[PDB]
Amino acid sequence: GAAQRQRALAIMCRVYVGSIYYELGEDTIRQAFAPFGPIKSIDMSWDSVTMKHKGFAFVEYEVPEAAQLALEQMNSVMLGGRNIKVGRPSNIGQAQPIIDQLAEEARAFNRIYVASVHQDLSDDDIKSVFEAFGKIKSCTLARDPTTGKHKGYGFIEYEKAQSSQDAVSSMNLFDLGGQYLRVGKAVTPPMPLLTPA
């Protein structure tokens, strides 16, 4: 129940990155994938006998919506003078029925994911901006546990689905601060580890 959902959520947070220029490093990948959400980890291939990575890496995000946006955007983009391949891990299958269940459950909500939120922007002023598409039920930015500094992303929940669709359409890649917002619909319901019979 709650255990197999956690297993799929963990796979949903990871994105495969292939065709990485041999001279490119972990920081180049970090800067490139950080706009979609804060990076939890970068697992990179290493050929001990040949030196330098084996052209691919696994970027792990904190939330599955970040991985979905980094997949939609970022695939085929040029990095270091080589077009990268962005996909999902090979074992994403035989986990897919739960990924599809989480997607069905997400459709019951009018929740959107927002990344690349400028550090100086707060909760209420992000709420005021996105309130242009309709009445907002909740608007919350993710915070750092130590300092109350937000992590550059959050979730907005709308009363109507039209508002939700309008917001993603009109606000993805919007110039708010020096940063371009990355906005997508949620791919999970709020708190996916619930399964309430």
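So that there is no doubt, residue numbering starts at 1 and follows the sequence shown.
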* Asked: Looking at the entry, does 28-36 or 41-49 show the higher mean C-alpha B-factor?
  -> 41-49
* Structure fact -> Of 105-113 vs 120-128, the stretch with the larger average CA B-factor in the entry is 120-128
* Asked: So among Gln68, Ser164, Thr146, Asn172, who wins on Cα B-factor in the entry?
  -> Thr146
* Please place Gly18 in the lowest, middle or highest third of its chain by C-alpha B factor as given in the entry. => middle
* Sorting the chain's modelled residues by C-alpha B-factor, tell me whether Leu176 ends up in the lowest, middle or highest third. => highest
* To do: Consider only the C-alpha atoms of the modelled residues in this chain, order them by B-factor as the entry records it, and name the third containing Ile99: lowest, middle or highest.
  => lowest
